[PDB]
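Asks:
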Ligand code: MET
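Here it is in structure tokens:
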């Protein structure tokens, strides 16, 4: 039977553009989702904009527009960037939605009646040296407007009631769940620092003015953005189930759920997804996630992204100059099971993509297709010129799937390009361009280029989750139904091809520099 898989990515904040560092997470997630879809599994990919908090109030104020105005414009822009980068969500919702308002309040109310909510007064005191108000830890709250000394009648001591999630109530459960396999060992041991220290109650309320959901029965008190943000996951899925009759909420979020749930996140936000989130789900009556998939961050030419050096590239700025599949492949070629950083070496970016994709994959196709087109009216002739070469492709497939399954895209691209390298070399060894000029060798020409195109179909199957647009164009040329992973098991013989679709041009280094220049501020 197929696997039911609900996959999410972190919800970007609704206060700025998506940049190429953010894009690494969504490309990682989308590629994994597309692979599971090819494998015949029910993989559902949901995300949303994170539209609350002082983060949004600051930008809304900085631009003289309302908070609703900003997040609406921003959600449109984020969805356009993701879509153009071929990141295909099943739903892209918003933490500022009626589903999130009800889910947050229903979860809160259940947790409260179970005794997992606490009320205590937080004190803030003015520090004359640091010249600002500090919180009573026993840091300051994030500012909501743009803005000190001890004034005569001005208080030096604020106080306000806050609402706490009694996270320590789940410490035993969390001590077990964090080491259950849901986290990679590196992740679990870095996270366990909070556990070694002892969990603390979590401040989930903010005072007015705050752009967010109001807390039931606490007038003037709002949920902190990080309280409702992960509930955006459930909200995004609940909103989707209204339009997808085959998707049942309880089937994915009930404690009994036999479905898998994965959160792709960056390493900076593990504590929210690994401590508060699974405690919240268990206390509220839902299943905990199957695993967190944690990733590192992006560097460009060996250094941190620089707005001054022009290596802090907006997704739209990339898309103005370059094919998105360039970057999708480059990321795939370095994305690993680990949690390390990933470097975009711009010179290596051009050499690697041109040599691997255009050179080893696209050119095997266009060269061979031309001979089938001109020499046999476009009918691919079936033959067995190089059985050992073909068997290698068969032997390699389940391993490439294992890499995909385990998020080891690096290994997967490696295995694929090794097959590409070997197939390409055999074609060159045959030299159909030379056989085509010899009289009485036309059968040989079609035998060779038939295998060539067959192997290109195999490479497209293997690369489809990285290059879904290229795959679509390839399926048009190959004149086949959309490719499943199981299609690798069959071959085209005696098959009418369509005209050759353009698949990918080389990366022009001028365009890469034009992208960097456009990003210098
Ligand atoms: C529920 S995931 C929230 C992610 C958060 N908005 C961030 O950008 O770090």
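Residue numbers (my numbering): -10 to 510. From the three backbone atoms N, C-alpha and C, an ideal C-beta is built for every residue, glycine too.
Quick one: measure Cβ to Cβ for residue 508 and residue 299, integer angstroms, because I've assumed they're closer than 8 Å.
Replies: Indexing the chain shown from 1 puts residue 508 at position 519. Indexing the chain shown from 1 puts residue 299 at position 310. Residue 508 to residue 299, Cβ: 4 Å. Contact.
Asks: Quick one: is the Cβ of residue 258 within less than 6 Å of any heavy atom of ligand 1?
Replies: The count along the chain shown starts at 1 and reaches residue 258 at position 269. Residue 258: yes, Cβ under 6 Å from ligand 1.
Asks: For residue 447, count neighbouring C-beta atoms within 10 Å of its own C-beta (all shown protein chains included) and say buried if the count is 16 or more, exposed if not.
Replies: Looking up residue 447 in the chain shown gives position 458. Residue 447 should be labelled buried.
Asks: Following a CB-centred definition, is residue 218 positioned closer than 6 Å to any heavy atom of ligand 1?
Replies: Position 229 of the chain shown, counted from the first residue, corresponds to residue 218. Yes.
Asks: Buried or exposed for residue 283, please, with buried defined as at least 16 other CB atoms from any protein chain shown within 10 angstroms of its CB.
Replies: Position 294 of the chain shown, counted from the start, is the residue given in the question as residue 283. It counts as buried.
Asks: Restricting to Cα atoms, I'd like to know which of 392, 265, 306 and 271 is closest to residue 324.
Replies: Mapped onto the chain shown, residue 324 falls at position 335. Considering only alpha carbons, the answer is 392.
Asks: Is there contact between the region 269 to 284 and the region 246 to 258, where contact requires at least three CB pairs shorter than 8 Å?
Replies: The region 269 to 284 is in contact with the region 246 to 258.
Asks: State the Cα-Cα distance for the pair residue 19 and residue -2, rounded to the nearest angstrom.
Replies: Within the chain shown, residue 19 is the residue found at index 30, counting from 1. Within the chain shown, residue -2 is the residue found at index 9, counting from 1. Approximately 9 Å, taken between the alpha carbons.
Asks: Quick check: does the Cβ of residue 70 come within less than 6 Å of any heavy atom belonging to ligand 1?
Replies: Position 81 of the chain shown, counting from 1, holds the residue named residue 70. No.
Asks: Whole angstroms are fine: how far does the CA of residue 70 sit from the CA of residue 334?
Replies: Translated into the one-based positions of the chain shown, residue 334 becomes position 345. Translated into the one-based positions of the chain shown, residue 70 becomes position 81. About 22 Å.
Asks: Locate the beta strand (DSSP E) running through residue 133, then write down its first and last residues.
Replies: Numbered from its first residue, the chain shown carries residue 133 at position 144. Looking at the DSSP string, residue 133 is not in any beta strand (DSSP E), and its letter there is neither H nor E.
Asks: Going by the DSSP bridge assignment, what does residue 221 pair with across the sheet?
Replies: Counted from its first residue, the chain shown places residue 221 at position 232. DSSP output for residue 221 lists no bridge partner at all.
Asks: Apart from the five residues just before and just after residue 236, which ones in its own chain have a Cβ nearer than 7 Å to its Cβ?
Replies: The residue labelled residue 236 in the question sits at position 247 within the chain shown. 33, 229 and 230.
Asks: Using 10 angstroms around the beta-carbon of residue 401, count the other beta-carbons present and answer buried if the total reaches 16, otherwise exposed.
Replies: For this step, residue 401 is matched to residue 412 along the chain shown. When all chains shown are included, residue 401 counts as buried.
Asks: Taking C-alpha atoms, which residue in 263, 249, 330 and 271 lies nearest to residue 289?
Replies: Locating residue 289 in the chain shown gives position 300, counting from the first residue. Nearest of 263, 249, 330 and 271 to residue 289, Cα basis: 330.
Asks: Is any non-hydrogen atom of ligand 1 found closer than 6 Å to the C-beta of residue 2, if you look at the structure I gave you?
Replies: The residue you call residue 2 lines up with position 13 of the chain shown. Yes, the beta carbon of residue 2 sits closer than 6 Å to at least one heavy atom of ligand 1.
Asks: Does any heavy atom of ligand 1 sit closer than 6 Å to the C-beta of residue 304?
Replies: Counting from 1 along the chain shown, the entry for residue 304 is found at position 315. Checking the Cβ of residue 304 against ligand 1 gives no.
Asks: Helix, strand or coil, according to DSSP, for residue 246 in the structure here?
Replies: Position 257 of the chain shown, counting from 1, holds the residue named residue 246. Coil, per DSSP.
Asks: With a floor of 4 residues, list each alpha helix (DSSP H) that falls wholly inside the region 413 to 497, ordered by position along the chain.
Replies: Correct list: 421 to 424, 431 to 452 and 457 to 467.
Asks: Name the residue from 145, 106 and 219 whose alpha carbon lies nearest to the alpha carbon of residue 191.
Replies: As a first step, residue 191 is located in the chain shown; it is residue number 202 there, counting from the start. Considering only alpha carbons, the answer is 106.
Asks: Tell me the rounded alpha-carbon separation between residue 58 and residue 49.
Replies: In the chain shown, counting from the first residue as 1, residue 58 sits at position 69. In the chain shown, counting from the first residue as 1, residue 49 sits at position 60. Cα to Cα, the separation comes out at about 8 Å.
Asks: Would you check whether ligand 1 has a heavy atom nearer than 6 Å to the C-beta of residue -1?
Replies: Stepping through the chain shown from its first residue, residue -1 is reached at position 10. Answer for residue -1: yes, Cβ within range of ligand 1.
Asks: So, are the CB atoms of residue 204 and residue 343 less than 7 Å apart?
Replies: Residue numbering aside, residue 204 sits at position 215 when the chain shown is read from its first letter. Residue numbering aside, residue 343 sits at position 354 when the chain shown is read from its first letter. It is not a contact, given that the beta carbons lie outside the stated cut-off.
Asks: Just the Cα atoms here: how many angstroms apart are residue 317 and residue 132?
Replies: Numbered from 1 along the chain shown, position 328 holds the residue referred to as residue 317. Numbered from 1 along the chain shown, position 143 holds the residue referred to as residue 132. In a straight line, the C-alpha of residue 317 is about 37 Å away from that of residue 132.
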